[PDB]
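Encoded as structure tokens, the structure appears first; notes follow it.
Labels for the chains are A, B, C, D, E, F, G and H, by order of writing; each one numbers its residues from 1.
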């Protein structure tokens, strides 16, 4: 110091540092603090958790990404775990809770190896070689399902659909949600059974009713009523016709005006009466254009005034207002129609086709929500989910979203594996076997990853209330006795550790992604030596 | 300069007003392009429609948004600027052989190296260094050296 | 009564210098010919309501109305228009094309006396084909707090007359029915 | 201290010429060039001057985006009017937009029907005045009871524009500062 | 290592379940007094402007009161959904869902049952519960006279809980006539409840017509006969054309005098087209200005101004006509009819009385009381009554109440508990014992015994009499068919499903995370 | 090295330019290391650190000579005369490889 | 004496109860009863 | 190279072209096909939407009969601007400025993909990849200046859509998608590659 103010970085006294062994203990214990939150949540016997936002709204979730997303944290090590769960949620949408407890399991076993004095790069290189070795083994042992016909391929989705719904609420009606989830993909799929578009199916929840009232409808959900409700609510098609002849327009019902600011000057009373004639003839020509086109229901983007209500009512033409542009993207794909810009380009080939249009109340005074249904298979399915609470229907959205994502993973060819703790133990005993001859300096590194993989079965043992040591001892001895590797921890109590019997299936791409994100983050956290943090 | 605003009384002017700006800007580039010019140094912001016809014939565009940065460049090639958008005079056109673009400091730079024939003035010195503070003091040393060369002219 | 300015957007353009003299002549003529047609119906008193978006009666128009001996009163509330038409029997006039003699009322004297620095405009005598006449009563006093209570004390007085004409019959007050009803229910209370 | 500043600060380009005989040429002409440059900036910024009657699609086109202006943070204030022909205050506020548009040419004045503004808007809440600036809403004003209601005047509207930062306090165009010529004539006589 | 920020309350221990369970018990006990016919009304003291509010419904109470517990929000939200869905039975969901968590508390503490086992028993117990209502229901659709009698008894049951327990005999006829008036339209917005303070509570009535809140403008008469009603939605007053860029290039003010005259000529021409219909009454939603008002006087047409858009829907259906605009084509357009129209006065504000209309697809109810709070309570009583009766038309099946609905569920639930031998039987018995408490609090509010009176109802049903229930006026068991009280199937299906799923929420919670307030 | 600035932006890196970029160094003599890191990062993009851990050793090695009576110009003349031979020596260490 | 600068004398019980700002809500119900007595009958607003 | 929060670093792949985020959801985006066998790229700069033409807006109209024609003229020229893009057979349309809903729906009917809201640095990378040129005027479009590639396929990458170009015979561009768990993982993979790419 020598008396002068010895300052280097701006805000010297505010920020701190941390190094040596104490920097590591702050990292591993920070992961254990987050792992204790996730450990009592994982598995079918888990428990939900309430996340209170600053605005007073709550969300009852038992998914690791939504928990960590709405969690106000200060430690940076947990903030990387917040993004790891979000990484698993965005792409695969399965195993968020796993990629946290598994990454913590690698971190917890790494704490013992740091005490022995192994360099962190040798620790990180050991998990990288062990992770690829486990992926290379699990890719050989899993079987392909593409040889079976379409009738049995539907059953494999039901195996994974019941797996994803369970462990979440929506696990009662889960037998119908599995059929509803599989029925959504039967309508929306490619003929070659590959690269299905997920953006065609959007999520839509409704606060009201009960879970039993939910059903399948192929159409669009609009949160609005028809214009001037004097007409009958449920419009029917003609006796002989191809359909209702849906019409969509991105032009409001008005006289044509320039987009630029204009100044229409009327210097005479004769020109003023022609403006009145021009005002009326445009509305007369407009309703005659849609009349000759044969449209029954009209969808307008930018709304219209009250003059067109009576012209549309007399001709038996329902209509709506303030339909957003995102919904028109959904209407054109569902009804297979083309959106015309204007009336001069109006033609009968661009109009859509759907079965029927109708509206119901759902209760007393809530709001009139529009419903559309198709008479055949189309490229659009809109799940109509009901719920007794706002948190129930909110959790049912992200639960069913993960269900469709798990089925989306199975659309990829030859990616199936039997989970239930079997995938963890079958990848664990081989790593310990390789260490016996690949000893080197990294012998304990393989043993750490072998013990870290087994923690997820022990996590299931804690939630199910069984003895962990007796469970892992029986599974390890059974895997050594017989090379059949589809036996896992069944916690739902149907008997049988065997499992194909218990109709459970996980995506193979989802399971290998667990150790990848876990190992890839553990390689990053172990590199940190200096921890500089500034004050808020 | 005083309230430049469109005025279109009928549809006949609406149809030709969009194409009139394209043909007008193109017609001004014909007199400029026929003189054999391949690079034009602009003094302020250039429009996109004018840029579309410049790079058609491969005419380079250079920005010099200041007064002194534009005056120093005329002394090299010896050109006489004119604010009109017409034909440059052949006597006033400058002479530059090559205009290269290479990586020196990681950023894009444009060079105007002349040759032994048709020498020029107001040359520059590429000063490379590691510390920006050392660049400042060495640069003022050139100003002191250039200031010493001034001492030979007057006495 | 004002210069022309429709609710629709407008913009007056003057191209020639001599047009300024013409429009200035036509502005007063637009007020003059409308006031000339008031003389044709010999209407002697005008009552204008509260004008919005512009002045009710232009100052240039008051010169034509003041020389022809016409009383002008503006800034009348909108809800009182039903009161004046019902009392005086005069139908309102929204346009000069419908301005006729049969729609106007009648009165014997419209005097504005000067007394105590407070003006009063009172109409004496009403005669018309009207089965629903009107009545008006002023209040005088020391200060506004007594004027307010004198109004509400009269409201409680008129409500008694409103009750008798509504429901026929009455009873003697002064604590009589409270003791009578208490005696009557006390007689029956021991039986139940 | 203020006596020296009032010579230049409290005089426009038209009033600065009065000090040509008393004050120094270099002292006066130095500030006149400064005030002349400020007048030229307002002329370039005067891209408006009449009410912009827009449709709902254009609502984004002309309002929010416009409020960004050059995006030099050349922001532009955009006064929107959710008009409704039935209400009394709406036609009053429409007249103020036409009068204010002719004076303040740099500020964009926008009008649109309230039925075409918000999905099923409450008619009782009309008229509504919104003020955008750089995409952000500076003021979501409610019906004109705050500004006198039915008795709203042009002086009250100009005072509101100063509060939101749309017009400077000492602007010569404001009626509060724009004293009549008869007022200044009497002051010089009684001085 | 505190990973969370400053001022972050987290509970990851037994106190989390205790804090979540005690919050529902506090919300549960708050509404125990409001259940039943003998229940006491509650009083709300607002924090802003001293605006009091008296209400018996638990949904309005819990939404108004502030509660920071996350468990309280679930009881608030399940009550809001029940209030919006059916409009009745909100306090039953609040007290039953809290009692299910109350009964589930001792299983967690005393017996040490897994939370997944308690919900698993409630799944099978709720399945057998709804199956009891499948066989216990009765369809009275074959006869309209019996269905007419069913709407009486449902009105007797719903209106008895509110302050109108004495006057329910008169409003039961008023309530059922409004439903038969609507003839199946379950939209509650088509009934205008005009609030009037003063007079006796039994002075309410239901006139065959639509009662306006406003009066005629200037000079139009009060009493008329054989009036043709025409409704319009367009401006009809100082027509501002659809493009606002219109202007007038005026060279002289004399020509502008013709332009303003032309605006009056087209308006005069528009009113001339109204007279082609040959009408005597004209109604428009926008407020009518002076100039078009005057032209109706010579034609002999009445004018009404400033009608609300929600009232135009009620006005069109009572009149039976149609809203007409663009009046060039009178042939295709339709208009209503009425026998007599007369202006009346109920209190200080005058109203317009319509009677003798052809269509009767809607109505208006005029309430009378003393305080605005009593009037308001009356408004929240007919809304809950008419909401249940409106859904009774689409859901004709009904269920007998008075403790018989909860007990016949428990009879089937207790039967199924034996065939699921193990530890799940205690959870299903807890679901059964939770249903016994609804008739218990109904007996406690009236000041009767909780054990002996429920024990008599227990023995009566197992003997083979599935029509026994509680009678509170005498304090003994009586037949429900003779007393005449019955609820709808959608109501009992809703409260059992809402209270069941509400118990599933706060049993699957172990950790409570509280971030900072904003 | 893990650094979090005042705006709560997390960053993980081991590059001499990136670490010194986020750290707002106010000391005047310490910003010479920031300049050579950006100068080395802008042109070559590698070994930014090896430039910093080397300049610090030369200045740390010049510390006891400054405590002695050695002037400043004598130390600079040694490095500036020695670095000329190091550049020529590295040209001999480097190869003229064209095969393969 | 009201909150603003207006002063008013009042013998009527309805106007007395109307101008008096009461903190207790049950006592505030008497303001509405006097309003109901004033609207229906218009006499005896204090006797009720 | 751009950022993609989400995914695992091992699943990356080499790309012979560009992959840019759309950053906007159009009304007729789903109607277009995602797979073209022989696509043709054409870069635009004109703003394809109904608005003011050249930095001003003032139109005087005296007769009401011409008021209908001046509006139809604006509808006539905007389709004339779009029809010149349609006649040359440009399957992919790209522009720095925004593209309105009117234009993207006109392209959506006859199987023509379009995109917008891209930076100038991204546009300069598109030209050198396809080997085309910039054309800020629809009238001066010719067939020779259109770029081509092998195939086109829009793929789901980290809950974000990217328009892939690959298989060109002569590509000047290399742009790989960096997927990772945390935002620092994708950042470290960028800086490590940016340091290694300068050395080679």
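One rule holds for everything that comes next: contacts are C-beta pairs under 8 Å (C-beta built on N, C-alpha and C of every residue); 3 or more make two chains touch, one makes a residue touch a chain.
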The chain whose mean C-alpha position lies nearest the overall protein Cα centroid is chain A
Separation of subunit C from subunit F, taking each centre as the mean of its C-alpha atoms, in whole Å
95
I'd like to verify one number: the distance from the centre of subunit B to the centre of subunit E, where each centre is the average of its C-alpha atoms, in whole angstrom.
77
In angstrom, rounded to a whole number, how far apart do the mean CA points of subunit F and subunit H lie?
44
From the C-alpha centre of subunit C to that of subunit H, how far is it in Å?
71
Among subunit F residues, those touching two or more other chains are 10, 12
Among the residues of subunit E, pick out those that touch two or more other chains and give their numbers.
238, 240-241, 243-251, 259
Among the residues of subunit A, pick out those that touch two or more other chains and give their numbers.
80, 254, 257, 259, 261-267, 275, 305, 524
Strictly by the criterion at the top, what is the full list of touching chain pairs?
A-D, A-E, A-F, A-H, B-F, B-H, C-D, C-E, C-G, D-E, E-G, F-H
Subunit E residues within the subunit C interface of the complex
217-219, 238, 240-241, 244, 246-254, 256-257, 259-260, 263-264, 290-291, 293-295, 297-298
Interfacial residue positions of subunit G with respect to subunit E in the complex
21, 23, 25-26, 28-29, 32-33, 35-37, 39-41
Under the stated contact criterion, what part of subunit E meets subunit A in this complex?
1-6, 8, 12, 70, 73-74, 77-78, 81, 84-87, 114-116, 123, 186-189, 233-234, 241-243, 245-251, 255, 258-259, 262, 266, 313, 316, 322-326, 328, 332-333, 387, 390, 493-494, 497-498, 501-502, 504-505, 508-518
Which residues of subunit A touch subunit D in the complex?
224, 252, 254, 257, 259, 261, 302-303, 305, 322
Under the definition above, what is the set of subunit C residues touching subunit G in their complex?
145-146, 148-149, 152-153, 155-156, 158-160, 162-163
